[PDB]
Structures are given as C-alpha cells and as structure tokens.
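Report on the structure given below.
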Amino acid sequence: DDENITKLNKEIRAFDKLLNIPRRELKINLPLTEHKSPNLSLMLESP
Amino acid sequence: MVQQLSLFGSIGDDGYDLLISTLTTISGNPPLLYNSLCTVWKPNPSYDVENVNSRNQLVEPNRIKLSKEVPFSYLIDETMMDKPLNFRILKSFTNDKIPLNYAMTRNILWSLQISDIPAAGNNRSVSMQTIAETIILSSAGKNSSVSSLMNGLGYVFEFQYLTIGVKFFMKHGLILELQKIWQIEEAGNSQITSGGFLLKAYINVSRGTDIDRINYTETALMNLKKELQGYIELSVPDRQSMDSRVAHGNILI
Amino acid sequence: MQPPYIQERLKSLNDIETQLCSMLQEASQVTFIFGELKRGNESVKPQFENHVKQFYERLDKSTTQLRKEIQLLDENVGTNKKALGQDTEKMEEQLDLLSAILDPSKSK
Amino acid sequence: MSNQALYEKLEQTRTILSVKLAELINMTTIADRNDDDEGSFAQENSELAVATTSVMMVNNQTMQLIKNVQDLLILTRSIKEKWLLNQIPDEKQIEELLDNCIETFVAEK
C-alpha cells in the first residue's frame, strides 16, 4: 500500500541470497544393469 | 476489551499539507495510508425483546460495528494510477463522489466491536471509553455470509460509511489519525466531513484495573495536547454524542 | 546549500545593517560639519542641506525595508528528516565502494 | 511576538527623531538668548550650572543614540537567527553484484 513499507521490503528482500541459510544437494546415480538404478541424494545444511 | 483514552479535533484542508510536515518534524516517522469500511447493525425491531429487565435495567440494547479493510484498487479511478500510492492522493479526495458505490458494497456482503457511553463525572481530562472486541476469521455452510450471520444473531443492517486517511505512530503506543468520512447509500455518496479532516489522538489500555498505567497514558495525552498549542485545539468531545444505544439516536461524525 | 529564498533574505538583511552603518557615518560627518558652521565660515553651508537630506532619507528607507522584512515574517509562516533516508544513502555509497573493489581495472 | 518588535522599533524611531530634534535645538541655541520681551523664555541664572546642563545634554544624546542603534542591530541579528532556525521544512544489479562478491570470496577463501 504505502510506498515506504514496500520500499523497505524490497530493499531488505534484496539481501536474501546473502542472509539466507546456505544449502547444497548432491545427486549420485550409479550405473547398474537390469534397469535397476539406485539413487543417492545427499543434502547438506547448516540450520 | 480495552479502555481507550482519546482526544479529538478537526482541521480545514487548507492547512492539511502544512500539518503533515509538522507531524513528521515531531514524531520522526512518515505517514502511512490506510482505509476501512464499517457497517452498523441494530437489533431487529420485529422481535420483541421483553427480556430487557424494565424494573431493574440490567441491560439496554446496543449497536454492533463490523469493520473490514478494502483494497485501494476499488478506490482509485482511471485517472489516478499514474500517481504513486502515498498520502498526497488525499489532496484529490475533496469531492462528494467516490469510485466505491452502493452496488459493490452490497456485493461484498472482519472485526466485531461493541462500545459503551464514556465514563460520567466532570473530573475526567480525556475521553475514556470501554470497548469489547472479537474477530471473525471465516465461515461455511449453505448461507455463509455476513448478512446471514448477523440475521442469525438477531441484528439487521442500518447504514455504513467509508473512512480514508493517514496514521502516525508515536512513542508510548500513541496513535494519531487524520480521517475523511464518506457516507454511502443507494441514493449516492455524501462526504460528511466536507472540506476538512477529522483528527483523533488515542491510546489503548488492556486492563482497566491498572491505574498507574492509566495515569501514565493520561500524562502522555495531555503532554501531546500541550505540544500542539496554537496550531490545533484538541478537546474532549461531548459525552452525550458518543452514546450508541438504540433507544436514543445520534452519531458523532 | 540553503534554498535561494533564505539567500536573498540574508542579502537584504546585510544591506540593512550596511545602511545603518552608513547612517551612523553620515551622522558623524554632519556633526563634524556643524562644528565649523558654528565657527563662522559660510563656504560649506550648501553642503549642510545635502548632508541633512541624505541623512534623513537614509534613516527612513532603511526602517521601511526592515518593516517590509518583519511583514514578510508574518506571511512566511505556513510556508531528523535526513535520518529517514540517511542510512539509505550510506547503504548506496558502501555498495559503490564494493563495485570499485570488485573491478580491478578501476583501482588506479 | 513580532508585533511587539514592530511597536518597539516604532518607539525606537520616534525616540531617535525626538532626541535628534532636541540635540539640534540645544546646539543651535547653545548660544544663550537674551530678549527683553516677556514672551521669550531663556534663563541662565547660575553661571557654571549652565555648562553642567550642557554636558548633561551631551551625555544624554550620546548614550541614547548609541543604545538605540545597538538595540536595532541586535534586533536585526535576532530576526536573521529566527529566519535560519525556525523555518521548518536498481535491485537486480545489486543481486549479481553480491553474487559475484560472494563467489569471489568463496574462491579466495
């Protein structure tokens, strides 16, 4: 509604990529026969 | 339920801009736009409430207020999207006409609120009023609608109006409001606060028994009033004007 | 810098006290000339009228202009804020510095 | 307030005019006047007290002129001080900027 609150919200949201918690994901696909391919997904977080 | 301690006043639109600047010089905050829509409901006269204890006057019938916020997309006409959404738009709101008409409000049909006449006695420096409040979050059923709900309780619609203005937040929980009020009917829309702004400064107290807090609140309100001496005169309104019981009809506007 | 209106206001005020100083100086010369006029030489008699007239006209219009200024005070009524944006501008400049840090070709 | 200053400057100006006329008449007829007619009113009875009253006039006009001028100057400065004091008056680029900064630090750390 008011300009000031939206301006502050925009400026604060601009820093999300720095302030937010880092995350990582690693997907490992192992080559197996008999159309049986297990998957190994490891996600690393720092809560 | 709160004890609201309030002071009132009015100003002509000519000084409006100037007034705004002075407020920002004191509070250190910028104004924030807001709007609202209030509907007043009264007990149904078709039903005879013999339960009013006439020989004892345990209670008297009263009026219920239902309030809701309405987005500005209903209040801005085709000539006004160019300007940004800030307080200056109020400078164009001097005509008795307004984009929101009767049909849209009828299509709409929240916060439920009841109040009492202020405390008696002539040794009161600020208007002290008691308010009982609740909130309606949602509903369901075959007739889920505000009108059907209030008819289920036993109340019927009386009138409605629209407030548009600005808000200032100061220290100690003090809130200062500049308002413009538009009454709405099928016949049309009429601005009761014609050529001016209604000013209201108030604080809320959660518990009426605490008296140290009430004394502090009164001290803050009187200090604020004594700060604005010479520019605007803030006064205690008439105790008989803020009475909203059905038996006697008048409306401070 | 201040808005211009204040600038010509202060210029007019400065003109006011300079005119007052000129009035005092002319009072000094008229007091000087009256002495020798009482002494008894009539050569500087014509200068006396001019000095008196200029002294009075300097005394009058200065007060008139000051009256105009005080009148301007009457209608000029009604006609930390920087902090509200101060952090913002600080923010801006800091990121600018980062840009200068981020580009190694501009650090020369 | 300002109206009081207006009035004060008014007696300031009229006092200047009156004391100016007084010192003018005193110095012009400082040469004592002797007229046989009863209409004239100029008395010099005690010889040296005449000079005392003369230096009286001198000291009065000096003090009053200096005080009035100084008061006017102080008034002007006060007006100027009141004038000075009382008159109350992209985001995406930042996103890639911070992304490059953080990746550069991560590489360099």
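Chain identifiers are assigned as A, B, and so on, following the order in which chains appear in the structure tokens; residues are numbered from 1 within each chain, and ligands are numbered from 1 in order of appearance.
In this structure, the chain D residues at most 12 Å away from chain B are residues 86, 87, 88 and 89 of chain D, with only C-alpha atoms considered.
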Within 8 Å of chain D, which residues of chain C are there when counting only C-alpha atoms? Please give them as number ranges by chain. C: 6, 10, 13, 17, 67, 70, 74, 77, 99, 102
Pull out every residue of chain D sitting within 9 Å of chain A, counting only C-alpha atoms, and send them as a PyMOL selection string. chain D and resi 91-92+94-95+98-99+102
Can I get the selected residues back with N, CA, C and O atoms, as a CSV table (one decimal), in the first residue's frame?
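What ended up in result_23.csv:
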chain,number,residue,atom,x,y,z
D,91,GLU,N,17.6,-3.1,-8.3
D,91,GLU,CA,17.8,-4.1,-7.3
D,91,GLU,C,18.5,-5.4,-7.9
D,91,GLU,O,19.3,-6.0,-7.2
D,92,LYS,N,18.2,-5.7,-9.2
D,92,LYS,CA,18.9,-6.9,-9.8
D,92,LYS,C,20.4,-6.7,-9.9
D,92,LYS,O,21.1,-7.6,-9.6
D,94,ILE,N,22.2,-5.1,-8.0
D,94,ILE,CA,22.7,-5.4,-6.7
D,94,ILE,C,22.8,-6.9,-6.4
D,94,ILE,O,23.7,-7.5,-5.8
D,95,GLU,N,21.9,-7.7,-7.0
D,95,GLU,CA,21.8,-9.1,-6.9
D,95,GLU,C,23.1,-9.8,-7.5
D,95,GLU,O,23.8,-10.6,-6.9
D,98,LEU,N,26.3,-8.8,-5.5
D,98,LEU,CA,26.5,-9.6,-4.3
D,98,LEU,C,26.9,-11.1,-4.7
D,98,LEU,O,27.7,-11.7,-4.0
D,99,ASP,N,26.3,-11.6,-5.7
D,99,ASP,CA,26.6,-12.9,-6.2
D,99,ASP,C,28.1,-13.0,-6.6
D,99,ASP,O,28.8,-14.0,-6.2
D,102,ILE,N,30.3,-12.8,-3.4
D,102,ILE,CA,30.3,-13.9,-2.5
D,102,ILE,C,31.1,-15.1,-3.2
D,102,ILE,O,31.8,-15.8,-2.6
Which chain B residues are at most 10 Å from chain C (counting only C-alpha atoms), as a ChimeraX atom specification? /B:15,17-19,22,24-30
Could you dump the residues just selected with N, CA, C and O atoms as a tab-separated table (two decimals), in the first residue's frame?
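Contents of result_36.tsv, as written:
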chain	number	residue	atom	x	y	z
B	15	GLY	N	-4.78	23.97	5.56
B	15	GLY	CA	-3.56	23.72	6.30
B	15	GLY	C	-3.07	22.29	6.25
B	15	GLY	O	-1.97	22.02	6.75
B	17	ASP	N	-1.60	20.04	4.21
B	17	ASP	CA	-0.21	19.77	3.85
B	17	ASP	C	0.73	20.24	4.95
B	17	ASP	O	1.54	19.46	5.47
B	18	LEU	N	0.58	21.50	5.36
B	18	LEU	CA	1.45	22.04	6.40
B	18	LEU	C	1.42	21.16	7.64
B	18	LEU	O	2.46	20.73	8.14
B	19	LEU	N	0.21	20.82	8.10
B	19	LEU	CA	0.07	19.99	9.29
B	19	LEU	C	0.91	18.73	9.16
B	19	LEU	O	1.70	18.40	10.06
B	22	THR	N	4.56	19.18	9.91
B	22	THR	CA	4.85	19.40	11.32
B	22	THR	C	4.84	18.08	12.08
B	22	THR	O	5.71	17.84	12.93
B	24	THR	N	5.62	15.12	11.02
B	24	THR	CA	6.86	14.40	10.76
B	24	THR	C	8.03	15.05	11.48
B	24	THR	O	9.00	14.37	11.82
B	25	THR	N	7.95	16.35	11.73
B	25	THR	CA	9.00	17.02	12.48
B	25	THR	C	9.02	16.56	13.94
B	25	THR	O	10.07	16.60	14.58
B	26	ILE	N	7.88	16.12	14.47
B	26	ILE	CA	7.78	15.76	15.87
B	26	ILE	C	8.02	14.26	16.04
B	26	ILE	O	8.93	13.84	16.77
B	27	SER	N	7.19	13.45	15.39
B	27	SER	CA	7.28	12.00	15.56
B	27	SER	C	8.57	11.43	15.01
B	27	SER	O	9.13	10.49	15.58
B	28	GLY	N	9.07	11.99	13.90
B	28	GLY	CA	10.20	11.39	13.22
B	28	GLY	C	9.83	10.25	12.30
B	28	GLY	O	10.73	9.54	11.82
B	29	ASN	N	8.55	10.04	12.04
B	29	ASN	CA	8.03	8.98	11.20
B	29	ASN	C	7.23	9.56	10.04
B	29	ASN	O	6.69	10.66	10.15
B	30	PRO	N	7.15	8.86	8.92
B	30	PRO	CA	6.32	9.32	7.81
B	30	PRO	C	4.91	8.78	7.94
B	30	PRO	O	4.69	7.73	8.57
Name the residues of region 4-226 of chain B that come out as strand (DSSP E) in a backbone DSSP run; write them as a VMD selection string. chain B and resid 4 to 12 32 to 43 64 to 68 111 to 115 127 to 135 155 to 169 175 to 185 188 to 191 196 to 205
Could you list the residues in chain C lying within 12 Å of chain A, using only C-alpha atoms, and format the result as a PyMOL selection string? chain C and resi 84-85+87-88+91-92
